[PDB]
Amino acid sequence: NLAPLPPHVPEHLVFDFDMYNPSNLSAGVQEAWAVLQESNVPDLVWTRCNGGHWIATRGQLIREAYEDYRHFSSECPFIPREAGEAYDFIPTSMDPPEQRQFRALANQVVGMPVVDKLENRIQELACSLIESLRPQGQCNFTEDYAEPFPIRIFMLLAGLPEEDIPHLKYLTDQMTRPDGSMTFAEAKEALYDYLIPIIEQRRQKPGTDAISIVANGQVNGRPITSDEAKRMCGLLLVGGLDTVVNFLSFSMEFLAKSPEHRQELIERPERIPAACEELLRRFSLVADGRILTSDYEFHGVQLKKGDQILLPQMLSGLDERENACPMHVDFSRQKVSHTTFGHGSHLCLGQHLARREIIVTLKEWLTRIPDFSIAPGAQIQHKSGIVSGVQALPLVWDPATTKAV
Ligand code: HEM
Ligand SMILES: CC1(C)[C@@H]2CC[C@@]1(C)C(=O)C2
Ligand SMILES: [K+]
């Protein structure tokens, strides 16, 4: 359904893009969003979909807006407006200066030091999961690896029972790619309903898990509040359950379809880290935004206070103006430009954990299952939202071509 056009929005800037169900989704979700970068499309457009909002379509504008938190606030970062208004995770729903103090605490539980710590367990799980699948000659990658690998690592880090995954994964997904059964607010409240007693228990009897660390932590030298801890833990859960999980599938779908790229990483494993970065660019998958804090003229367009603007992190790296032949994948690409992990004061705090999980996955999978393909006659379908993903990824391979070790 289309929302009536606001008085200040000119008809020539209207492009009814639906971030939750883009028109050309069948061509691939990144390709679907890339339609916003076709010749006849302005740098900044207005869509009447999902309540009505602006969309910056080029990396230059996306980066500029993420840098200017004075005009583009993170207070209401999600579309539709109801979701943006209910969204109160920390530090994401805050603008500097108040936002900053919380980043250090979050870094304590998902930062580099923690990643180096988890390395062995991460490697161990990747190898265990892949070796169990190897002899089968087939798998449903989304449920057999993409989900269990990153999620079990996060549940371990957070000290939560793996039996809780189905419930938590359902809630997380309603906040990024809602099925319609729950509003963002209802999903958020359910997630908080889950966390509240756990946070209280771990503030009473602290453990060494991420929730205990956050719940008993300090920010700028003072005690974090129970509510603040809840709002931060909610964000961590979403990050651990709906980011890398989706990215791994986009990456594996690509590798399954491109033997040449597979062979390259097999023959020259030292290129895996670079490959990871190029894949993060080509299969970028996040798209949230900001809300205008005041009337503001941006790139010749009059924006009004209260207007929401989607700033697709996904689009920056796909912009031909940032990377030549953007849809092409080259592991030797010189200057890989992208904003896959965000831009500005809210740069992703879990990017180190993410990269480690991606690299370990590429290395351990290609080592054991070097040759695999999309299952016969399968047509991979993608899904779009705040974080886009892959609905299903059936893969097949000849066990005789695999290596057990
Ligand atoms: C492929 C994986 C990932 C991608 C593409 C990604 C992307 C992003 C992006 C684009 C933002 C900025 C949002 C904004 O400015 O509104 C962000 C923030 C954040 N991410 Fe990630 N992320 C990933 C994985 C993770 C993981 C595994 C964690 C750990 C749970 C994590 C924790 C966070 C946190 C705590 C923030 C908030 C930073 C702040 O608001 O100051 N992320 N991420
Ligand atoms: C946009 C994000 C990818 C980032 C980490 C999880 C996420 C869904 C948020 O709400 C902030
Ligand atoms: K809000």
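Numbering of ligands and ligand atoms starts at 1, following listing order. Note that these values count all heavy atoms, side chains included, but never hydrogens, waters or copies made by symmetry. One-based numbering along the sequence shown.
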Participant: Less than 4.0 Å between a side-chain N and a carboxylate O, is that true for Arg356 and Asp116?
Facilitator: no
Participant: Quick one: do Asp295 and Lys305 make a salt bridge, cutoff under 4.0 Å?
Facilitator: no
Participant: Counting no waters, what protein N/O/S atoms lie under 2.8 Å from atom 21 (Fe) of ligand 1?
Facilitator: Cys348 SG
Participant: Centroid separation under 6.0 Å, is that true for the rings of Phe72 and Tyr66?
Facilitator: no
Participant: Salt bridge (charged side-chain N to carboxylate O under 4.0 Å, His left out) between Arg290 and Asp68: does it pass, once the steps are laid out?
Facilitator: CA-CA 10 Å; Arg290 304 290 188 256; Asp68 188 5; over 6 Å; no
Participant: Tell me which one of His338, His343, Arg290, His352 gets a heavy atom nearest to atom 15 (O) of ligand 1.
Facilitator: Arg290
Participant: Which of the atoms in ligand 1, numbered in the order shown and given with their element, are less than 4.0 Å from a heavy-atom of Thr340?
Facilitator: 5 (C), 7 (C), 10 (C)
Participant: What class does the angle between the rings of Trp397 and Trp365 fall in, given that below 30° is parallel, 30 to 60° is tilted and above 60° is perpendicular?
Facilitator: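 Perpendicular: the ring planes of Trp397 and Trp365 meet at over 60°.
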Participant: Please confirm whether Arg262 makes a cation-pi placement over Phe372, using NZ or CZ under 6.0 Å from the six-membered ring centre and within 45° of the ring normal.
Facilitator: yes
Participant: What atoms of ligand 1 come within less than 4.0 Å of a heavy atom belonging to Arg103?
Facilitator: 38 (C), 39 (C), 41 (O)
Participant: Apply salt bridge (charged side-chain N to carboxylate O under 4.0 Å, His left out) to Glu67 and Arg63, showing your working.
Facilitator: CA-CA 6 Å; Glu67 292 166 2; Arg63 291 166 181 281; over 6 Å; no
Participant: On the 0 to 90° scale, with breaks at 30° and 60°, tag the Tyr296-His71 ring pair as parallel, tilted or perpendicular.
Facilitator: parallel
Participant: Suppose I only count heavy atoms of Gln99 and a 4.0 Å limit; which atoms of ligand 1 are within that range?
Facilitator: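 Listed by number with element: 39 (C), 41 (O).
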Participant: Nearest 0.5 Å, what's the CD1-OG1 distance between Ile130 and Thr367?
Facilitator: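 Spacing of CD1 (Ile130) from OG1 (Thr367) equals 8.5 Å.
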Participant: What class does the angle between the rings of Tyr145 and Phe141 fall in, given that below 30° is parallel, 30 to 60° is tilted and above 60° is perpendicular?
Facilitator: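 Because their plane-to-plane angle is under 30°, the rings of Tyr145 and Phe141 count as parallel.
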Participant: Which is it for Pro91 and ligand 1 at heavy atoms under 4.0 Å: side chain, backbone, both or neither?
Facilitator: both
Participant: Are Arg152 and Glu163 within salt-bridge range, i.e. N to O under 4.0 Å?
Facilitator: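 So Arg152 does not pair with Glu163 through a salt bridge.
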Participant: Give me the residue, atom name and distance of the protein heavy atom closest to atom 30 (C) of ligand 1.
Facilitator: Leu236 O, 3.3 Å
Participant: Taking everything shown except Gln379 itself, do over 12 heavy atoms lie less than 6.0 Å from its CD?
Facilitator: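 No, because the 6.0 Å sphere around CD of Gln379 holds 12 heavy atoms or fewer from other groups.
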Participant: Under the criterion side chain to side chain donor-acceptor pair (under 3.5 Å), I'd like the reasoning laid out for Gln37 against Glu320: C-alpha separation, chi angles, the key distance, then a yes or no.
Facilitator: CA-CA 9 Å; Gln37 287 170 162; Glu320 64 194 312; over 6 Å; no
Participant: Is the shortest distance from a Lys or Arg side-chain nitrogen in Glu228 or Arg231 to a carboxylate oxygen in the other one below 4.0 Å?
Facilitator: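 Looking at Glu228 and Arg231, the cut-off is not met.
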Participant: Nearest protein heavy atom to atom 29 (C) of ligand 1, by residue and atom, and its distance?
Facilitator: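 So the nearest neighbour among protein heavy atoms is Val110 CG1, 3.9 Å.
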Participant: Is the distance between the ring centroids of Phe17 and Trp33 under 6.0 Å?
Facilitator: yes
Participant: To which protein heavy atom is atom 37 (C) of ligand 1 closest, and what is the distance rounded to 0.1 Å?
Facilitator: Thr92 OG1, 3.4 Å
Participant: As a test of reading the model: which residues have a non-hydrogen atom less than 4.0 Å away from ligand 2?
Facilitator: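 Correct list: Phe78, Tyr87, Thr92, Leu235, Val238, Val286, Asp288.
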Participant: Among the protein atoms near the K ion (ligand 3), how many are N, O or S and lie under 3.4 Å away?
Facilitator: 4
Participant: Quick one: do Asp95 and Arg70 make a salt bridge, cutoff under 4.0 Å?
Facilitator: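 Looking at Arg70 together with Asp95, the answer is no, because their closest N to O distance does not fall below 4.0 Å.
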Participant: Any salt bridge between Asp307 and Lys304, counting N to O under 4.0 Å?
Facilitator: no
Participant: Could you tell me, atom by atom, which parts of ligand 1 come under 4.0 Å of a heavy atom of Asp288?
Facilitator: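 Those qualifying, in numeric order: 13 (C), 14 (C), 16 (O).
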Participant: Please list the nearest protein heavy atom to atom 35 (C) of ligand 1 with its residue and the distance rounded to 0.1 Å.
Facilitator: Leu235 CD2, 3.7 Å
Participant: Under a heavy-atom criterion of less than 4.0 Å, does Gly240 contact ligand 1?
Facilitator: yes
Participant: Counting only heavy atoms from other residues, nucleotides and ligands, does the tally under 6.0 Å from CD of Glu297 exceed 12?
Facilitator: no
Participant: Quick test: of every protein heavy atom, which one is nearest to atom 39 (C) of ligand 1, and how far off is it to 0.1 Å?
Facilitator: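 Protein heavy atom at minimum distance: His346 ND1, 3.2 Å.
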Participant: Return each pair, listed once, that meets ring-ring contact (aromatic ring centres under 6.0 Å, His included) where at least one residue sits in residues 324-357; pairs must be two or more places apart or across chains.
Facilitator: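 Only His261-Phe331 qualify under ring-ring contact (aromatic ring centres under 6.0 Å, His included).
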